[PDB]
Amino acid sequence: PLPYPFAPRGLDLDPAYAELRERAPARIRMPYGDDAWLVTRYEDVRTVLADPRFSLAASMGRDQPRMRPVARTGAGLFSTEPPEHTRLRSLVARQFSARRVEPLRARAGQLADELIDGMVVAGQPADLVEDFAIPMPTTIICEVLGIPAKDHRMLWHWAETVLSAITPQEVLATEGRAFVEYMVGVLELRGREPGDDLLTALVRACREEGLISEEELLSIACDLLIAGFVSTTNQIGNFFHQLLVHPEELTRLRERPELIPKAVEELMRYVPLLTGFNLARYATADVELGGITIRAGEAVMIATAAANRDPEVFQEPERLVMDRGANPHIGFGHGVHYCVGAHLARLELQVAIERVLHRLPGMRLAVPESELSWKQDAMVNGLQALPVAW
Ligand code: HEM
Ligand SMILES: CC[C@@H]1C[C@@H]2C[C@@H]3C/C=C/CC(=O)NCCC[C@@H]4NC(=O)/C(=C(O)/C=C/C=C/[C@H](O)[C@H]3[C@@H]2[C@H]1C)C4=O
Ligand code: NA
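How each quantity is defined
Residues numbered from 1 in each chain as written, not as in the entry; some residues may be left out. Chains lettered and ligands numbered in written order. Heavy atoms only, no water. Residues with missing side-chain atoms left out of burial classes, pairs and counts. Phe/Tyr/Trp six-rings, centres within 6.5 Å; stacked < 30°, edge-to-face > 60°. Buried < 20%, exposed > 50% of the residue type's maximum accessible area, 1.4 Å probe, protein only. Helix = DSSP H or I, 4+ residues; strand = E, 2+ residues; numbered from the N terminus. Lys NZ or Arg CZ within 6 Å of the ring centre and 35° of its normal. Contact = heavy atoms within 4.5 Å. Salt bridge = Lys/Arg side-chain N within 4 Å of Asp/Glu carboxyl O. Donors = N, O, S within 2.8 Å, 3.2 Å for Na, K, Ca; no water. 1 Å grid on protein atoms, 1.4 Å probe; cavity = no way out; pocket = protein on both sides within 12 Å on 5 of 7 lines; lining within 4 Å. Points joined across faces, edges and corners; volume = space filled by probe spheres on them. Nonpolar A, V, L, I, M, F, W, Y, C, P; charged D, E, K, R; others polar. Near = heavy atom within 4 Å. Polar contact = N/O pair within 3.5 Å; in protein donor to acceptor, adjacent residues only side chain to side chain. Areas by Shrake-Rupley, 256 points an atom, 1.4 Å probe, with all protein chains shown as cover. Axes fitted to C-alpha atoms, helices over the stretch in contact; angles between N-to-C directions. Left-handed = near helix turned anticlockwise from the far one by under 90°. Core = buried A, V, L, I, M, F, W, Y, C linked by side-chain atoms within 4.5 Å.

The deposited coordinates for this entry were obtained by X-ray crystallography, with a reported resolution of 2.00 Å.

As annotated in the PDB entry, the protein chain is Cytochrome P450 from Streptomyces torulosus.

Our next topic: the packing of aromatic side chains. Summed over the entire model, instances satisfying the criterion amount to six aromatic pairs. A centroid spacing of 5.0 Å and a plane angle of 80° characterise the contact between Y4 and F6, whose relative ring orientation is edge-to-face. Like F6, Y4 is buried. Summarising the aromatic geometry, the rings of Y42 and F314 are spaced 5.7 Å apart at their centres and angled 80° between planes, so their arrangement reads as edge-to-face. Here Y42, found in helix α2 (residues 42-50), pairs with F314, found in the loop between α15 (304-307) and α16 (342-359); they are 272 residues apart in sequence, far enough to count as distant. Assessed through its relative accessible area of 9%, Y42 is described here as buried. Relative accessible area serves as the criterion here: at 1%, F314 is assigned to the buried category. Note that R269 overlies the ring of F314, its terminal NZ or CZ placed 5.5 Å from the centroid.

Turning next to the side chain of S59. Here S59 is to be found in the loop between β4 (54-55) and α3 (84-96). Other than its neighbours up to four places away in sequence, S59 contacts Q64, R72, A280 and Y282.

One side chain can pair with another of opposite charge once the charged atoms of both are near each other. Across all of its chains, the model carries 27 salt bridges by this definition. A salt bridge links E43 to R41, with the nearest nitrogen and oxygen atoms 3.4 Å apart. Given the relative accessible area of 48%, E43 is considered partly exposed. Here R41 falls in the partly exposed class, since its relative accessible area comes to 22%.

Among protein atoms, the single one acting as a donor to the iron atom of ligand 1 is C339 (SG), 2.3 Å away. With respect to the secondary-structure elements, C339 resides in the loop between α15 and α16.

This part takes up empty space enclosed by the protein. Estimated volume of the largest cavity: approximately 340 Å³. Residue lining of the largest cavity: 26 residues in total, with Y17, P272, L273, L274 and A305 positioned closest to the centre. Here the element with the most residues in the lining of the largest cavity is α15; it accounts for three residues. In the lining of the largest cavity, the residues fall into 16 nonpolar, seven polar and three charged.

Taken together, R68, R72, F78, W158, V162, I226, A227, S231, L274, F277, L279 and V380 make up all the residues around ligand 2. At 2.6 Å, a backbone N or O of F277 approaches an oxygen atom of ligand 2. For ligand 2, whose accessible area on its own is 670 Å², the fraction buried by protein is 76%. Contributing elements (two or more residues each) for the shell around ligand 2: α8 (152-163) and α11 (214-230). Taken together, the residues of the shell around ligand 2 break down into nine nonpolar, one polar and two charged.

A word on the layout of surface pockets. The method is simple in principle: a probe with the dimensions of a water molecule rolls over the atoms, and the space it marks as empty is what remains. Approximately 270 Å³ is the volume attributed to the second largest pocket. Lining of the second largest pocket is provided by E130, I134, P135, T138, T139, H152, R153, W156 and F229. Of all the secondary-structure elements, those providing two or more residues to the lining of the second largest pocket are α7 (135-145) and α8. Here the residues of the lining of the second largest pocket sort into four nonpolar, three polar and two charged.

Lining the immediate environment of ligand 1, one finds 24 residues, of which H85, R89, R281, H337 and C339 sit closest. A distance of 3.2 Å separates an oxygen atom of ligand 1 from a polar backbone atom of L77. Residue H337 places a side-chain N or O atom 2.6 Å away from an oxygen atom belonging to ligand 1. Breaking the shell around ligand 1 down by element, the ones donating at least two residues are α3, α11 and α12 (232-244). Across the shell around ligand 1, the residue classes break down as 13 nonpolar, nine polar and two charged.

Glancing now at the packing of helix α14 (residues 260-270) against α16. Interaxial distance between α14 and α16 falls to 10 Å at its minimum, and their mutual angle equals 115°. The handedness of the crossing between α14 and α16 is right-handed. Counting all contacts with α14, which are made through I260, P261, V264, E265 and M268, the residues of α16 involved are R346, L349, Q350, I353 and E354.

We now examine the nonpolar core. One finds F132, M136 and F240 to be the most contacted residues of the largest nonpolar core, which totals 88 residues. Ranked by the residues each element gives to this core, the list is headed by α16, at 10 residues. When near neighbours in sequence (up to four residues on either side) are disregarded, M136 contacts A108, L111, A112, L115, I236, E348, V351 and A352. Of all hydrophobic cores here, the second largest spans 19 residues; its members include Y4, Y17, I28 and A305.

And the structure:
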């Protein structure tokens, strides 16, 4: 069985995936848990994500293929399938819809300008990671959820604990307990002190309409916070890294920002992001796939970055093509667990690029590229620092 996941080399896609896509799904061994089938062919990955015989509910109570020593528990979005999943996801779908995140664009741009101001005053070189990529989306999600600004540093510390694949088992537990107790507290605050935030809406949904349990309310609050903290923070840095090493693409996006949406989608397709956070599904019945049979009770994982370069789906899949037209990438997933944050992340990535490129027309790497350090043992690929001058 193939040891998995591969060790990332920057944001290179591992060359093994090219051969993997042209054979039957492979048997893989993760750091912990059951062995699994690994699916990399685009069509095979879409099938796993859309076919209800592949279930995240069925993985609860199993010895899941995973990165960390303790199998995951919980009763929320990552643990359920329809109809129960639908009941939870319906309650969050209003606030994260494109229609309701779009009014945040002006605020996101104002925040980006404040962060860039801070970089300017601090003087060159700046670090796009610590000075911009981390603060921007963490602030925004906190505002969406009604989380006080004072808790930013504490929550980023928890995010780093969550993000490291070598966090000691007992550190994860003790910090985890503290985080959960923190969120219990916030949910009581929102109960006494209602606001125009998402958690207030979710507290009412639970404690006045009885539409979700307390355990579900808590899991959704925790999930949205953690997701908001570990995802875009890394991806913003990744996208600026890719723009900085393709300077030819910079000036088009700087001068014609209407081109930024398609570029964000191409960068979503191109960037290999998810080293560790790939939830295995368990089959609930035998499924024929890729010429093998996945028996009931077996585990299946997907490689979206590999699917996103399947040459049967994307022309010249290994080329970064910033105006790429046919781009049905799986960078936000597919099926019922399709990213509920997709419109918010999309807006954050577009605004980040628009603001940074306009504010800092002379932006460039402040160190040689070979000197960049990538985060080691991270569940999500990302830079330790991104030194820039301008
Ligand atoms: C570039 C940024 C992001 C990327 C690449 C990303 C990617 C993904 C992917 C691939 C999935 C599917 C996982 C699976 O099917 O196993 C997912 C699900 C999810 N994401 Fe995102 N995400 C991003 C930003 C966000 C943000 C900002 C939030 C919340 C504010 C968020 C919240 C969630 C949640 C709650 C789920 C589970 C949905 C469900 O099971 O119904 N994500 N994300
Ligand atoms: C970067 C883009 C996407 C953003 C989303 C963020 C979310 C991560 C939530 C993690 C929460 C966490 O670690 N909480 C502390 C321990 C509690 C419990 N114990 C576990 O071991 C565990 C997990 O392993 C959970 C794995 C979930 C993985 C999901 O794919 C990604 C998803 C990414 C694809 C648990 O939930
Ligand atoms: Na400007």
